[PDB]
Amino acid sequence: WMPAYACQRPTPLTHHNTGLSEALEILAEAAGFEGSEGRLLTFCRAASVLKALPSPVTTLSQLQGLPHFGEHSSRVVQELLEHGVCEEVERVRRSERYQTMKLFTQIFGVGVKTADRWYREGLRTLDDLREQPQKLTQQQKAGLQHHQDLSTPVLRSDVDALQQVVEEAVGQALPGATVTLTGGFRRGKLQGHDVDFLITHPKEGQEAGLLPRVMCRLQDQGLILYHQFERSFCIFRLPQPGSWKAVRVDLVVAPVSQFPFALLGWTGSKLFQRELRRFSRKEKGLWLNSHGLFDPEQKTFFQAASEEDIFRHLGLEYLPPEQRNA
DNA sequence: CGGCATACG
DNA sequence: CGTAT
DNA sequence: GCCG
Ligand SMILES: [Mg+2]
Ligand SMILES: [Mg+2]
Ligand code: NA
């Protein structure tokens, strides 16, 4: 009944097993901090399965036959059902390693590998990093300076304001160019930690060279607190009552021939796209990315005019963005 | 046991 | 190495 | 950690 790939089933934003999925996602996150991508994936997938169920899991037997539930994930659920708490999960939560790796990896410019090195050097706090700024990149310096604002959720009201200012700069950079909201907000989220925009133009090729022109205009408007092509990871100045706050904004440009693939990729979720690409390659023999869908036998790319086209060419039932919350 | 998504900056 | 979904 |  429950298919094995997350792209084969609807996953709504809110569901009936929130606490169970959150516990599994703690273990997934911890596995990632230790470099165990395989364990991270299994725990992520098991969490996602529960998000897709039509009602709460109340008994252990309801896990029988669910994909990605083996001894470990099942035991986690069993303990939560019987005692409201899983000792392993709580042990991770309070560990100095988990808390510090989470704190460090949250910094824009710091990945697992950097965080881990710092952890091994004895660093534990943000002020520990500030007191040795010679070791930080310019990106990390920006992430650390803006860390407090960047930890505050972006609201859907903020998004509309940012979109209008991005369209203004885009319209001057290239008349006729369009801006599409992607990422978590396109899946229906009411809050987020960043805002993702996809930019294109209806005349193939006109979008070449566009992103530098957009960025230089935004910067001239005084809206860019930080930025470093076709992808830009920025920190924007967002107006606030009597002041402002820093917000992470990603801008991506794609040619209109590739727009369906880029929209699909950048709308996520992250797990959904990984599962979709795994499904494409392993079940259909097709290679999927955010630029296209390649048949390695015929050596041809699939033309798509819509996301609907892509789901059809992979033999999957269409899922709107709000059901891609794997 | 191999595999685990696939890019760009 | 970082970033993104 | 789990699947095929
Ligand atoms: Mg986002
Ligand atoms: Mg983003
Ligand atoms: Na980071």
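Residue numbers begin at 1 in each chain, while the letters A, B, ... track the order of the sequences.
A:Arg187 comes within contact range of the sugar-phosphate backbone alone, with a heavy-atom separation under 4.0 Å but no base atom that close. Among the protein residues, A:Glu71 comes within range of the sugar-phosphate backbone only, with heavy atoms under 4.0 Å from sugar or phosphate atoms but none that close to a base. At the heavy-atom level, A:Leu276 lies nowhere under 4.0 Å from the strands shown. Contacts of A:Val110 with the nucleic acid, taken as non-hydrogen atoms under 4.0 Å apart, involve only primed sugar atoms and P, OP1 or OP2. In this structure, A:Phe272 reaches neither bases nor backbone, as no heavy-atom distance under 4.0 Å exists between it and the strands shown. The residue A:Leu263 sits apart from the nucleic acid: no heavy atom pair falls under 4.0 Å. At the heavy-atom level, A:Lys113 lies under 4.0 Å from the strands shown only through sugar-phosphate atoms. Within the nucleic acid shown, A:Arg248 comes within 4.0 Å of sugar-phosphate atoms alone, with no base atom in reach, counting heavy atoms only. Nucleic acid contact for A:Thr267: sugar-phosphate only, since backbone atoms but no base atoms lie under 4.0 Å from a heavy atom of the residue.
For the contact set between residues 35-42 of chain A and DNA chain D, defined by any heavy atom under 4.0 Å, the members are A:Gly38, A:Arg39, A:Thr42.
In this pair, A:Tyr318 and A:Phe311 present their aromatic rings perpendicular. The plane angle is above 60°, beyond the 30 to 60° band.
Checked by atom type, the side-chain pair A:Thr200/A:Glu207 shows no donor-acceptor distance below 3.5 Å.
Residues A:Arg117 and A:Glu121 have side chains in contact (heavy-atom distance under 4.5 Å, counting atoms from C-beta outward).
For the P atoms, the distance linking B:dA5 with D:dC3 amounts to 16 Å, nearest Å.
Taking atom CD of A:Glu283 as the reference point, atom P of B:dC4 lies 12 Å away to the nearest angstrom. As a whole-Å value, the separation of A:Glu88 CD from D:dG1 P is 8 Å. Atom CG in A:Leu264 sits roughly 14 Å away from atom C1' in B:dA7 (whole-Å rounding). The interatomic distance linking A:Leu27 (CG) with D:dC2 (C1') rounds to 14 Å, in whole Å.
Residues satisfying the ring-ring contact (aromatic ring centres under 6.0 Å, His included) criterion with A:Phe272, sequence neighbours excluded, are absent altogether.
Residue-to-nucleotide contacts include no donor-acceptor pair under 3.5 Å from the side chain of A:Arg231 to the base of C:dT3. Contact of A:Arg281 with B:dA5 (side chain to base): no donor-acceptor pair of N or O atoms is detected under 3.5 Å.
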Residue pair A:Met2, A:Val49: steps toward the side-chain contact (heavy atoms from CB on, under 4.5 Å) verdict
CA-CA 8 Å; A:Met2 169 76 60; A:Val49 164; 4.1 Å; yes
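We find that A:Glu307 and A:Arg186 are joined by a salt bridge, their nearest charged nitrogen and carboxylate oxygen being less than 4.0 Å apart. Looking at A:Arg97 and A:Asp116, a side-chain N of the basic residue comes within less than 4.0 Å of a carboxylate O on the acidic one, giving a salt bridge. Contact check on A:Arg94 versus A:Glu90 returns no salt bridge, with no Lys/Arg side-chain nitrogen under 4.0 Å from an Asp/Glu carboxylate oxygen.
A:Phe233 has its ring centre no less than 6.0 Å from the ring centre of A:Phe108.
No more than 12 heavy-atom neighbours from other residues, nucleotides or ligands sit within 6.0 angstrom of CD on A:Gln148.
Mapping A:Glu230 and A:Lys270 onto DNA chain B by nearest heavy atom places A:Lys270 closer to the 5' end of the strand.
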Dump the pairs, protein N or O against N or O of nucleotides 1-3 of chain B, anything under 3.5 Å, distances to one decimal.
| unit_1 | atom_1 | unit_2 | atom_2 | d |
| --- | --- | --- | --- | --- |
| B:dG3 | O3' | A:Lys282 | NZ | 3.3 |

